[PDB]
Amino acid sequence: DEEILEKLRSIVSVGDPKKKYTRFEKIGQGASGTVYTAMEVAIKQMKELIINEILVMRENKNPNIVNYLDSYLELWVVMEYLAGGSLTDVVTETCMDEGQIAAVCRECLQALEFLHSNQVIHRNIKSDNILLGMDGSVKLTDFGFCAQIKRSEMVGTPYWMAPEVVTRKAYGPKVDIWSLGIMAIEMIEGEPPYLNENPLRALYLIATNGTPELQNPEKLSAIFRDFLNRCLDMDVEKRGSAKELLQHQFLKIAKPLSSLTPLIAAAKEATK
């Protein structure tokens, strides 16, 4: 209703975006809207959720969060451009080693530590929401499902949701730790657990089986298996916080972020 639209209109910038930005080039299509490149920036063209998202993004700037630049009123959102694409492209088309996985996990944990200390829960951590820079920069985006703080809304993407979310229990920031654990499984196996199943049967599987099992756990080092176990603990109090996990031994084997640029080149070659 008009009252929420007025609040949204008071938040967006005024002036012609067609006059501030040039060289529009379409680079994608999805559920939300159409993504363009301009001058380098990335512009997504598409109620109370759009307000929460713009507000949370302006208020929570961090080097491990894609920079929100501007918005215009149908609704255009201007972000920094990360030319290396998404982590999804890398996870589905390449074999990442433990040093590369640890580098990505560390970057994601730094973004989560920042968010959780600012009482923000992302609730939609997945490889699709991780953007890569041409230098190997790792950044988090899509704050549409975020909540400012316990919660009990069944919010997220089925395959990456924590059991306490799926079962509609009072939950906290550690739901993002579980989702990161699922994203580390994506990095290992190419997919989150139960992707072959329909989203509802995955929800039942998360609620009944709990901690998912790896297809080949013997292939992982002892320190990596432990890191995953701390991410995917059933008991929320036992599950590690972002601050605690930043000190885990697994992150000490992290390779420089430059080690990710051959993966970006491989993903770009596979998806052409």
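A residue's number is simply how far along the shown sequence it sits, counting from 1.
Where coordinates are absent for parts of the deposited sequence, a chain break appears; between neighbours residue 39 and residue 40 it spans 4 to 9 residues.
According to the entry, the stretch of the deposited sequence that connects residue 207 to residue 208 contains no residue lacking coordinates, so the chain runs unbroken between them. For the pair 193-201 and 103-111, the record assigns the higher mean C-alpha temperature factor to 193-201. Between 84-92 and 168-176, the higher mean Cα B-factor belongs to 168-176. Within the selection 186, 128, 153, 142, the deposited Cα B-factor values reach their highest point at 153. In the PDB entry, the Cα temperature factor peaks, among 12, 253, 264, 257, at 12. Among the modelled residues of the chain, residue 73 sits in the highest third by CA temperature factor in this PDB entry.
Compared with the other modelled residues of the chain, the Cα B-factor recorded for residue 220 ranks in the lowest third. Among all modelled residues in its chain, residue 7 ranks in the highest third by Cα B-factor. Ranked by C-alpha B-factor against the other modelled residues of its chain, residue 29 falls in the highest third.
The deposited CA B-factor of residue 236 belongs to the highest third of values across its chain.
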